[PDB]
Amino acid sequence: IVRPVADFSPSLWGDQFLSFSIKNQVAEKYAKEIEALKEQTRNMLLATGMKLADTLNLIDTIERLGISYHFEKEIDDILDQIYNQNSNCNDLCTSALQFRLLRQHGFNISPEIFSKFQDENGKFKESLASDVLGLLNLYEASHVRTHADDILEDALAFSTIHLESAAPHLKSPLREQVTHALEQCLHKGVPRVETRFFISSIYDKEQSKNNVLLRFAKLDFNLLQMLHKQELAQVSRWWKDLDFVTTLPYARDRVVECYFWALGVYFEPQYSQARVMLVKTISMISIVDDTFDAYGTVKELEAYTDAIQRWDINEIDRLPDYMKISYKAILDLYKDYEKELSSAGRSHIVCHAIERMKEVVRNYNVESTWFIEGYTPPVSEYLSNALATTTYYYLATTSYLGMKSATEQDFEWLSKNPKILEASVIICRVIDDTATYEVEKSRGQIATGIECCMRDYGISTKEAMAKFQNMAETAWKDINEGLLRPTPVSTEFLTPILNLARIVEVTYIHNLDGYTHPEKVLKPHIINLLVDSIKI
């Protein structure tokens, strides 16, 4: 008796990532020049007597070039002084850039800086329609607004229509920059993805470009990439020596895509241990999801759920043979995590990710019960269960394990479901439900998010999808507020949550599943970050 037929596609990568040997003489040549270039760039930033506009473009450029992680103190000192001087007598270009940079760094600059660009209605003067650089910087700023910033309600609609109108007659590479911004704003994009584009497609082709910065950025990207390929190789060998590819054939083989996810949360060198731990957890929870979703009967899913709650190797024999495989690999993974952290006396913190995982599994089992019964809950009740099945409470907790500065007090903050984490989870939930509604409705999912929304409020599929779209917009306003100073925990521990929200937006862009169907969205990203170097 049982089970379903297989419909998931295999790893489109094969074994091309399994073996990477660093050219050690090259790695050392790149690092040699980067040291030199890094200090020239420090002295650019610490130059006395620059104009406001010149300082902001410098800082903007270093950030989009992806080398700003080298200068976090310098950039901060400078923005703090800009914030505290209240300078605005400027143009739309400089004002909007000033607003965006300060807010992204948590400085609660007043949105009244924009009042001089508006009439008596809080609607932007149409005489600004001929100023393309002003419109571009306004467009990017409009994505960083909060609930206190309703003066900016018109800014996205206003800049968009006039950038669309101007774009075809613009010189290059400006035209390519405007066209790309309309597809993907800076604030909600994945940082490595935006950096690759900017270095190669834009800055490399500017006539105004600074040669020192460009070469710095190219060498730095390509050097980090060698690190990332080493990480991916070692994770690929771990996945292979597990061999779920042949013994648990019902599950997707997506370890490379899971690594891309992890790289989106943080790309810097100091988080290499954190990235390796995170990707192992993503790929394992993905197998557990396919067990609930694509193979296991209601009886054995109940046994799997209770074994996860009790968390004890003694429990394996109460499970079907095929569940013994994954269950043992899960218990083993956390015993590994404990050993790796034993060297800095941080083993005790592992228990936090584990409790979050038990929670994910309970809700997988509820979601299954709803399916068998054909139950369509209220939107209220649907959310109470379906928020945790995004796994985002659990990946956020897991992202802290490998960060050497995460303290127990940091995990306690996160355990209370703070507002910035709840918003990141809400974005994942509603975007995934909008993108995959038809996919599931076709194969009997009565308990799908949009369908609860339709039955509850008594509305069409169009109106349901627009209410979800709107929940996502509210959630971004709450993320943006959550970054403002004074912060509840250090900023280092907020950025991973923000980056989780960015991954959703990039993966589900234009509205179909990019994780299940990687060749859609992710394949070109993975090639640009992890296969092709930037050509010097």
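Residues carry their position along the shown sequence, with the first being 1. Here the rigid core means the biggest group of C-alpha atoms that line up within 1.5 Å when the two forms are laid on top of each other.
For the pair 348 to 356 and 84 to 92, rigid core superposition yields a higher RMS C-alpha distance in 6 other deposited structures of this protein in 84 to 92. For 4 to 12 versus 526 to 534, the mean Cα distance to the shown form in 6 other deposited structures of this protein after rigid core alignment is larger for 4 to 12.
A summary of the deposited B-factors shows that, of 191 to 199 and 266 to 274, the stretch with the larger mean C-alpha value is 266 to 274. When the two stretches 231 to 239 and 180 to 188 are set side by side, the higher mean Cα temperature factor goes to 231 to 239. Ranking 168, 418, 458, 134 by Cα temperature factor from the entry places 458 first. Highest CA B-factor among the listed residues (397, 110, 385, 86): 86. Among all modelled residues in its chain, residue 425 ranks in the lowest third by Cα B-factor. Annotation for residue 511: CA B-factor lies in the highest third of the chain's modelled residues.
In the deposited entry, the Cα temperature factor of residue 144 sits in the bottom third of values across the chain's modelled residues. In the PDB entry, residue 530 places in the lowest third of its chain by CA B-factor. Ranked within its chain, residue 153 lands in the middle third, by CA B factor from the PDB record.
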